[PDB]
């Protein structure tokens, strides 16, 4: 495991092949989760921020930016979208949580809550995933799409097997995140494939 404190993944160009695999020892299906990270991109087209596929299941858990000010969450192929006022281009801190019992998905942008949406109530997101940054998966670990590639910088990424309350979301945004049990930036297991560079985080 690697300590990425004060560092980002830079995806410096559009491609079909540049990506990072994120490795997690997750064996049981998810009833709850929270995912937080920082992103800086000047793409205007759609792109994937976080792609999580399982065997035979596309878009099992996908965070997707359709256009400026619009964020989408996919859970088992189904999707919700919430909107926000945002400057472009601008660095952004994104948190998203989902809770099976209610189906409620909560997007938080720069520590500010978006309108709640709901999907897949009672569903469990499948385990044994392939998780990739920089590309959107259409297969278990591949079938990428250049028009959906992420060009820019991603840092401070955390994933918890719980729904973070607002205080913990703000803590993540303001730079003191709670240690995370699925993915943790201070102890990340990753594989760089193609043109991805690790650099200091300079836009915080």
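Numbering follows the first chain given and starts at 1.
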Worksheet item: Where do the C-alpha atoms have the higher mean temperature factor in this entry, in 75-83 or in 115-123?
Response: 75-83
Discussion item. On mean Cα temperature factor in this entry, is 19-27 or 183-191 the higher one?
Written reply: 19-27
Response to the item:
The largest CA temperature factor among 53, 174, 148, 41 is found at 174
Item to complete: Pick out which of 63, 169, 159, 68 has the highest C-alpha B-factor in the PDB entry.
Response: 68
Worksheet entry | CA B-factor placement of residue 7, once the chain's modelled residues are sorted into thirds | lowest
Discussion item. What third of the chain does residue 95 rank in for C-alpha temperature factor, lowest, middle or highest?
Written reply: highest
Practice prompt. Can you work out whether the C-alpha temperature factor of residue 110 puts it in the lowest, middle or highest third of the chain?
Written response: middle
Worksheet item: Which third, lowest, middle or highest, does the CA B-factor of residue 46 fall in along this chain?
Response: middle
Response to the item:
So, residue 163's CA B-factor, relative to its chain, sits in which third? The middle
